Amino acid sequence: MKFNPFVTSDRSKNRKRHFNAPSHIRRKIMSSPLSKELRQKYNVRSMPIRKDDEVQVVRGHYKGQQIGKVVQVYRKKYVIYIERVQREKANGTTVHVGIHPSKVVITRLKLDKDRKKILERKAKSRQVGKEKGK
Amino acid sequence: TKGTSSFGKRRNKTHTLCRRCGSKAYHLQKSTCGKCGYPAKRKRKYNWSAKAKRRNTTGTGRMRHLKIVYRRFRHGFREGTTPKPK
Amino acid sequence: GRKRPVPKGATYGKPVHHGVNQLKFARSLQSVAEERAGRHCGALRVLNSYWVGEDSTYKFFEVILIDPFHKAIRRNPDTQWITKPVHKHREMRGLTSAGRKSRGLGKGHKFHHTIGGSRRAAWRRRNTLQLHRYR
Amino acid sequence: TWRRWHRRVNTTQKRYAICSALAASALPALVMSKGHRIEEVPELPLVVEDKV
Amino acid sequence: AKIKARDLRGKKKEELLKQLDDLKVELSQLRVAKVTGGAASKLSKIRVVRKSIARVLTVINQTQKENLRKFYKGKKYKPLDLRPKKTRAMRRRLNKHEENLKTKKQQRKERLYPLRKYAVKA
Amino acid sequence: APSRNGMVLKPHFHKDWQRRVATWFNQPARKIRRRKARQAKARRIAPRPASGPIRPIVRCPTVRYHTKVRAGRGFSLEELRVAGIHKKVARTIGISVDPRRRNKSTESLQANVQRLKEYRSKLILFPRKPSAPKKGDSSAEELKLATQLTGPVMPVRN
Amino acid sequence: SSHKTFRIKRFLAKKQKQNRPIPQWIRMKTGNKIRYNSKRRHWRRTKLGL
RNA sequence: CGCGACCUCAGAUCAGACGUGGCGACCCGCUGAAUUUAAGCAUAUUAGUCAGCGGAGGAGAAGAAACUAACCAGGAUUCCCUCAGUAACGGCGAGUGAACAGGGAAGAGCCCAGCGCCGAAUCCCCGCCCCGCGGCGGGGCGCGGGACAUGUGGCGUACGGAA
RNA sequence: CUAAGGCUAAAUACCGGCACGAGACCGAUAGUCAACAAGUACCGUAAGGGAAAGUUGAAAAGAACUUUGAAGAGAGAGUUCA
RNA sequence: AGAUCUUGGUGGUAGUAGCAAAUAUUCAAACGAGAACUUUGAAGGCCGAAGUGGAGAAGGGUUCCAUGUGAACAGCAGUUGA
RNA sequence: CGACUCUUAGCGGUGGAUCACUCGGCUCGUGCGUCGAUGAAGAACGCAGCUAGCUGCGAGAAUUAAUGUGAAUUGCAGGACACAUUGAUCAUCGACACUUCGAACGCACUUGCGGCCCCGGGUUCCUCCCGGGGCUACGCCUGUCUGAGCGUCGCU
Ligand SMILES: [Mg+2]
Ligand SMILES: [Mg+2]
Ligand SMILES: [Mg+2]
Ligand SMILES: [Mg+2]
Ligand SMILES: [Mg+2]
Ligand SMILES: [Mg+2]
Ligand SMILES: [Mg+2]
Ligand SMILES: [Mg+2]
Ligand SMILES: [Mg+2]
Ligand SMILES: [Mg+2]
Ligand SMILES: [Mg+2]
Ligand SMILES: [Mg+2]
Ligand SMILES: [Mg+2]
Ligand SMILES: [Mg+2]
Ligand SMILES: [Mg+2]
Ligand SMILES: [Mg+2]
Ligand SMILES: [Mg+2]
Ligand SMILES: [Mg+2]
Ligand SMILES: [Mg+2]
Ligand SMILES: [Mg+2]
Ligand SMILES: [Mg+2]
Ligand SMILES: [Mg+2]
Ligand SMILES: [Mg+2]
Ligand SMILES: [Mg+2]
Ligand SMILES: [Mg+2]
Ligand SMILES: [Mg+2]
Ligand SMILES: [Mg+2]
Ligand SMILES: [Mg+2]
Ligand SMILES: [Mg+2]
Ligand SMILES: [Mg+2]
Ligand SMILES: [Mg+2]
Ligand SMILES: [Mg+2]
Ligand SMILES: [Mg+2]
Ligand SMILES: [Mg+2]
Ligand SMILES: [Zn+2]
């Protein structure tokens, strides 16, 4: 279990840190697992969610294998919006239903130099860990 | 009449706003603030009212300079340096 | 001596505290002169003082002051100690020779009042109830 | 805060309690009565080699 | 078409002041548009122009201050804003040279009787 | 009010004691801090004994305790003088000195100087320059025979 | 009164400016917990500090 | 009947520095009650405590014996245990009340004045040059100013010291 | 033992501050006065006194539309697991 | 279950006391869902220049002015309002 | 028959107890232990497109720069942002800036009024008016300059 005396296991402290986190670590908190194919291609497990990557929902009312592209990462409400994940309201307009990024799986990554750089960084750290623990 | 009738005669302010401490306790006729004692160089403060002390102690306001001092202390009060340019 | 500063000599209380005259200040007049010199010259440090004359109504003392920021003082060891921040207004804390005499400091059986550095230190030590973890 | 939270026990009594606890750990009925599911343990004073 | 702090530093003082004046004029016109109805885009452009003015002003001030620092480098007396501002107490304390210098008696002691490295057999 | 038989008790709780009560909840923390400081000091003086300088043999003053013997503050200057050790060099080689202690009797004097001679025999002196051994000791007896001493140096034993 | 000092007029100006209702879009914000301006002052209900 | 030297003073928006005020849990110096207890109450107690004033620092204060002792003697200060609710104080009533030795935590010692000796050996400031900047120092120079014999510096301080 | 001169770290103290960790504690009349725009609203000329006030839902999906009423307010309909 | 207990909530009283100091209102019309109370007109009165008039000081601080609303307040009402 | 009253129950009101929760306290412990004339603490006034409070900030005003990060902020709107001819946001914070009172510092304040030196303009150097910049507190130390004394003297 936790042995470091400088990290807290207090429930109130953890919840206060989570619900008052700045957006630059709300990005880290709002991470999503990669698909098995992506986990095989890139030697990483998770990835912070991003504006224009395509995910599918694995829990809740919108479970399915349909692939929808993310359209908004609403870090203030800890949710993301997807293309066809939406509902009709009273006046007939459609509103996006916010679902947690931990309840989706990323099936295609929106790639630029920063995402790629983070990808080799995570993969190299995991490889170093595997070689150490071999 | 010591009651209602005499309350109609009050039209002359004893106290005004104090330029120090911003409190409506500056006796106009004595030229002395009843809360801070403004013309005195030292702040009026007494130990028989801890509530009065904590109403106006350090940290109850802005601390424009003390915040920076607290932040600057954690890096040894370094000056004349900048982070390595990218 | 030190007359009690009460209006019309009325000290309201038990008769043991009715004294107004024949009362004495706990600090010597030399300490008072040192304190006045230090208070007027707040940027200087009182070192010592000595007796130069007295009258029926006045005592005269000459107080040695040191400017702690002169380079002659500041560049000289065995004198840099007075430049430390802890050594400011010594005469107001009773750390000069004239101020120290009224504190009852010393070694041996005559000075049991101030074991620990001061009267208050000894009083706190002797009046604190040490409640250990295991009684 | 000065509730006397701590108690001091005689050292001989603490050693006595340790001895009684050890002696009761070698009796299958008592360890069973603590609910420890010893039904296929080969020997209750269970001793393994130093390789562990 | 924002302005950045990096590409302002190469410019000299005259065109920096010219650009600051143009930004001030544009901000005044944007405020005029704000009080006369205007459009939402011009209302949003107020903050952009204000931050651009702040950028130009801080570049000018930093260049002036560093030029003054280069001018007063190596001089005995410097303006108070160019001196370090560690802490009043830290500024009153002794400098390293007069902190670490010793009397002749003390260094004679350290020369004659230095502390030795030793061990004791059990 | 007294009640039947009992002891006349005089509690000293008439003086607002609750404002000055010293609790000991930081006692384990204080012990941890003290041990950490001890280990840091022992690491600082690496080959030097952890407990510190050697102390003299000293008889307890009064008639209650004069049969016992304990450790004193430092070696008297006469003990150092007849032991052949300078009073300013002794502190550099870990000998505690006490200029204000006198030697009333010759027996304590001789005991303390045998103590000093034994310590000087057991001392290993490292040269100031490791590559230049001037007069301290041979390199062989300080290669592996040097080791930090735990506990008081030559403990005083009745 | 009609005669007044500059500081008094400025104080009254600020007390005028901060005596207004909340904007309507405040209640649309995430985690509002604000229903109305609870520091509203009326010139006849309560009197100012000066 | 003017010009100089010194002494004692004064002015300056003179050159360069410094102090003020805040916090104030802990610390240092003063000032300092009464409620209360005594089954009343005045000494006493509360208590050198509350209130009041001043001054600091990350700690402060104390501190290297004009000490404890009476022993076969210990050996700066500070803190803990114990001495000890004891010696003692007290309308000897209510109540108050240490210290030495002992065991530990820590452990560190020193500097002047004075008596002297050494061609004031001493110190500050202003100009110039070089090395540096990063807390403003190092070296060299000035028939450059000042302090200083009404005493600066080196040796040296009771454990003795010097020649 | 050597007063009427001076310095000195450690062990020690810490209900203020900066930043942390924990608890056989309290659980919105409790625990700080203050879990919330709290030393705030408000009271007193002033010194100063000083509150009350937590919870829709998983997600606003916060009741489109029809209908009586001048409206508040209703009757249907609708969202929701409710 | 008590403490003329603390804080909060709720009854009977009870649709009760009461909305009675300073002479006084009436007719028509307009707006308006709605008029004893608003507005206009007509009439009858009152303050009667030491005023129920016209303007200031102190004090208040936006109460001033126009437009809009009819939730709450103006101890009945309101289409009116500080 | 009804009304009224009482008892009990169903349902509906009033009220917010109980229960569950908890970004809050209280207590203990640890490491640091740092303010200010280079203008502190405190106060006032301002600053957002829509903003009253809280918060943040100071006329560069809900922030500039720099560094790290790496695509958002979000209640609405707007507009950026090839993320490489460099980057939204957030964090850090060492550069810059930091209104008025306040030890508060030209004098004074429930108001206002000066003086000195430079610069620009109206003037067309001369000092009147306007604007801008820098100074102008008390105490005290070392040094400097200017002095005072029927203080002590020397020469004349
Ligand atoms: Mg009366
Ligand atoms: Mg009056
Ligand atoms: Mg008495
Ligand atoms: Mg010397
Ligand atoms: Mg009124
Ligand atoms: Mg000057
Ligand atoms: Mg002070
Ligand atoms: Mg009594
Ligand atoms: Mg009684
Ligand atoms: Mg009585
Ligand atoms: Mg006090
Ligand atoms: Mg000290
Ligand atoms: Mg001392
Ligand atoms: Mg001595
Ligand atoms: Mg006993
Ligand atoms: Mg007593
Ligand atoms: Mg020890
Ligand atoms: Mg000499
Ligand atoms: Mg509460
Ligand atoms: Mg509840
Ligand atoms: Mg209604
Ligand atoms: Mg339900
Ligand atoms: Mg009850
Ligand atoms: Mg009636
Ligand atoms: Mg009636
Ligand atoms: Mg008539
Ligand atoms: Mg009439
Ligand atoms: Mg009139
Ligand atoms: Mg009106
Ligand atoms: Mg009504
Ligand atoms: Mg019910
Ligand atoms: Mg930036
Ligand atoms: Mg006036
Ligand atoms: Mg003369
Ligand atoms: Zn005031």
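Lettering follows sequence order; numbering is per chain, from 1.
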Could you work out the separation of [N] and [M] based on their [atom1] atoms and round it to a whole Å?
| N | M | atom1 | result |
| --- | --- | --- | --- |
| H:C112 | I:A10 | P | 25 Å |
| H:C9 | H:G48 | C1' | 48 Å |
| J:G11 | J:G34 | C1' | 37 Å |
| H:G54 | H:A25 | P | 15 Å |
| K:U89 | K:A72 | P | 12 Å |
| K:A41 | I:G49 | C1' | 25 Å |
| H:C118 | I:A4 | P | 32 Å |
| H:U49 | H:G29 | P | 11 Å |

Margin query: With the six-membered base ring of H:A98 as reference, does the ring of C:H112 sit under 5.5 Å away with planes under 30° apart?
Written below: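 It does not: the two rings, one from C:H112 and one from H:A98, miss the stacking criterion.
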Next item on the list: Just do the side-chain contact (heavy atoms from CB on, under 4.5 Å) check on F:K15 and C:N127 with the steps written out, would you?
Entry: CA-CA 9 Å; F:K15 212 198 280 191; C:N127 288 271; 2.9 Å; yes
Which one is paired to [N], where only Watson-Crick or G-U wobble pairs with both distances under 3.5 angstrom count?
| N | value |
| --- | --- |
| H:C89 | H:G95 |
| J:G68 | none |
| H:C30 | H:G52 |
| J:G81 | J:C73 |
| J:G2 | none |

So, is [X] close to the [N] phosphate, meaning a side-chain N or O under 4.0 Å from OP1 or OP2?
| X | N | value |
| --- | --- | --- |
| A:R75 | K:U89 | no |
| B:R55 | I:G49 | yes |
| E:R50 | K:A62 | yes |

Check: Hey, what's the ring geometry for B:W48 with B:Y46, parallel, tilted or perpendicular (30° and 60° as the breaks)?
Finding: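 The arrangement is parallel - the two ring planes meet at less than 30°.
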Notebook entry, point to check: In terms of the angle between their ring planes, are B:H27 and B:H15 parallel, tilted or perpendicular, with boundaries placed at 30° and 60°?
Noted result: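 Perpendicular: the ring planes of B:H27 and B:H15 meet at over 60°.
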Pick base, sugar-phosphate or nothing for [X], based on heavy-atom distances below 4.0 Å to the nucleic acid.
| X | value |
| --- | --- |
| B:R62 | base |
| G:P23 | base |
| E:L94 | base |
| E:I46 | sugar-phosphate |
| E:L57 | base |
| A:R87 | sugar-phosphate |
| B:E79 | sugar-phosphate |
| C:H40 | sugar-phosphate |
| B:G61 | sugar-phosphate |
| A:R26 | nothing |
| E:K45 | nothing |

Note to self: Could you check whether the side chain of E:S41 and the base of K:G78 have a donor-acceptor pair of N or O atoms closer than 3.5 Å, going by distance alone?
What the structure shows: no
Item checked: Pair of N/O donor and acceptor under 3.5 Å linking K:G60 base with E:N61 side chain ->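 Yes.
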Would you mind telling me which of [options] lies closest to the side-chain atoms of [X]?
| X | options | value |
| --- | --- | --- |
| C:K14 | H:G102, K:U38, H:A44 | H:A44 |
| C:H70 | H:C124, H:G137, H:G63 | H:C124 |
| G:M28 | I:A64, K:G75, K:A61 | K:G75 |
| E:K51 | J:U62, I:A41, K:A62 | K:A62 |

Checklist line | Where the side chain of C:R120 sits relative to the grooves, given base atoms under 5.0 Å | finding: major
Identify the pairs formed between an N or O of the protein and an N or O of nucleotides 34-36 of chain K at a distance under 3.5 Å, and give each distance.
unit_1 : atom_1 : unit_2 : atom_2 : d
K:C35  : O3'    : B:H65  : NE2    : 3.4
K:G36  : OP1    : B:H65  : NE2    : 3.2
K:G36  : OP2    : E:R88  : N      : 2.9

Note to self: Under 3.5 Å, is there a donor on one side chain and an acceptor on the other for C:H89 and C:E91?
What the structure shows: yes
Item checked: Residue whose nearest RNA chain H nucleotide is more 5′ - C:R27 or B:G80 -> C:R27
